[PDB]
């Protein structure tokens, strides 16, 4: 008979009296004798590998004063991997019956992350707290993703036309074109049609947050312009109303050419009025903010010859 040592993950050294003819089952039953651990929960590691139950200490060439390493594993448990956006991978021991609630508690125990801040995603779908891993068909060595609720850091808020308020994570160096791209990443709105407004000031891309002195927890307003086919109304003094097809990039010269095609009036005899102003031929419809379903008034110069 000989003595060997078993070292636990808690840091305890256990001594056992064993024989070379003892199987790994026998060694696990001795550990159950002393520590009360179920033998089919025990894993014994020697020479850096796991010992199989059917073999003996002699088969693995375990001698006197050899040190075995004990790891506890649920008999019906499995390992899964939760991937963060930071690139860190957490390895959890779970059971197929474990609920998403339990998995969050396991992530808290290991990584100190509160379940408040835990959103788990498997195969593109966010997992609900009452359902189990088997419900989502999460199997051995499956891979899940963990998205944390916040970073703290610096945040700003963007309210939109749909009533949805957006939360963004930026740094004072951030170009407004950058913040427009981060809005584009979360909402899909192309940056060229975004107008970010802080305190009534239109923000221009070149300047950054610190240069507009916009600190954290600010709330901005996102107004959207659009380049696309629109319809405007040109109204004569007689009440005659024609409907035009235009783009915001169209010139006033372009509009007068369209009126000439539809009503035969030459542009040199055309004077267009919008928002109490006469429209200059050089400027565009965007320049006057002439948007959809606007009414332009048409006054003709006096004929003579």
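Residue numbers count along the first chain shown, from 1.
- Checked against the record, the higher mean CA B factor of 31-39 and 251-259 lies with 251-259.
- Mean CA temperature factor is higher for 227-235 when stretches 69-77 and 227-235 are set side by side in the entry.
- Of the candidates 94, 179, 82, 100, the PDB record gives 179 the highest C-alpha temperature factor.
- If you compare the C-alpha temperature factors of 146, 220, 90, 133 in the entry, 220 comes out highest.
- In the deposited entry, the Cα temperature factor of residue 280 sits in the middle third of values across the chain's modelled residues.
- When the modelled residues of the chain are ordered by their C-alpha B factor, residue 195 lands in the middle third.
- Residue 107: CA B factor lies in the middle third for its chain, per the PDB record.
- Per the deposited record, the Cα B-factor of residue 267 falls in the highest third when ranked against the other modelled residues of its chain.
- Ranked by C-alpha B-factor against the other modelled residues of its chain, residue 158 falls in the middle third.
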